[PDB]
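Just one chain is shown here, as structure tokens, and it is the form deposited in one PDB entry.
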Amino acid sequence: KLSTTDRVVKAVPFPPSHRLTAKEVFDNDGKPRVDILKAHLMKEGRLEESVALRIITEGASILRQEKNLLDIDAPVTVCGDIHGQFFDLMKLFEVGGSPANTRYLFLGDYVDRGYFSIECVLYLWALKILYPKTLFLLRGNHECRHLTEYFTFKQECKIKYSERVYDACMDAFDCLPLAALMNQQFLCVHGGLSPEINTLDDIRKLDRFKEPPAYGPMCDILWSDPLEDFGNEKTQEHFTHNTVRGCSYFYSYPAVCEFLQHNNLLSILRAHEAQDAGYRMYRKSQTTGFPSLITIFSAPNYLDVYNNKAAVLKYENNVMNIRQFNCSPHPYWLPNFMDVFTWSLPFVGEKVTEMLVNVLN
């Protein structure tokens, strides 16, 4: 007979009950110890609420002081969607270079879909505090109250921490910049262009400190996608209704080219869409021979079903090297952070009923 009290699979690491305090996370100079934080979060360890709130608020204050359109220089590693895949985020930093000597730019979508979203926020916000001038974070369409409540990030914060941590993340997501001008060559956004954004100054005049509205320029920055037949100019309309997203627009190849020529830009770097190879390059511009649009997806094995590779753009020495990497193992979670009792109880009542009605028939 197997022990009814002892853990059956003893060698499986048990998540620690110790919650990191302020002295364990922040040193005497106020710099967060990302190595202590990394090892603790990888063990599914949690922080004290006041410590987690301090990381979120101090990171939000740094983001609030930044402009809507960031001015980022090369070299830099550009990263796509993360979607709460914390253990894949650790491989990303191994693959793209240490943030202590490598410039970083994330295109948003740090939460939802994955079940380690708060760990991604806490670790990236801590790196933002530790490297405020070399690590940069943009806003995605998921860094909002509506999508985090429709998906599992709202529930995740209620399970692992509290709703005060969720509300602090929502105010922190309001401070995230919307775009980045990288090396005066590339426009870096999460989704894409907008019919109401024709110059880079149209981004500078936006009010980003709010929940993303259902329509408008700020909405299109986070939600717009390229046409499904991007490059094969069959739809002359530059912006058409995005029926896949239910909002924003599809933008065509002439739409991107008109923006790149008018603003003297080489390409547009965005994410928002999953790719099997971790990236996708679209039709090159006629004058440059460089892809006019590049999608980056940094979530390998998306939803643990796609079996897709991930990639980051490592731009250095006038070379944009696409760096692919595979997924990493992570502890298991039931969908929507459901416990085993809520999961199995309907099956218990079903099977016990099926047994008893057959023995009493």
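C-alpha atoms forming the largest set that superposes within 1.5 Å between two forms make up the rigid core. In this text, residue numbers run from 1 along the sequence as written.
One more form of this protein, deposited with a partner chain bound, exists but is not displayed; see below.
The shortest heavy atom separation between residue 319 and the partner chain in the deposited bound form is within 4.5 Å. Although the partner is absent from this view, residue 309 contacts the partner chain in the deposited bound form, with a non-hydrogen atom inside 4.5 angstroms. With a 4.5 Å cutoff on heavy atoms, residue 131 does not count as touching the partner chain in the deposited bound form; it lies far away. Interface membership of residue 181, defined by any non-hydrogen atom within 4.5 Å of the partner chain in the deposited bound form, is ruled out. Proximity of 266, 279 and 290 to the partner chain in the deposited bound form is complete: all three residues have a non-hydrogen atom within 4.5 angstroms. Heavy atoms within 4.5 Å of the partner chain in the deposited bound form belong, among the stretches 167 to 175, 253 to 261, 279 to 287, 132 to 140, to residues of 279 to 287. If you fit the rigid core between the shown form and the other one, you'll see the Cα of residue 18 move by less than 2 angstroms.
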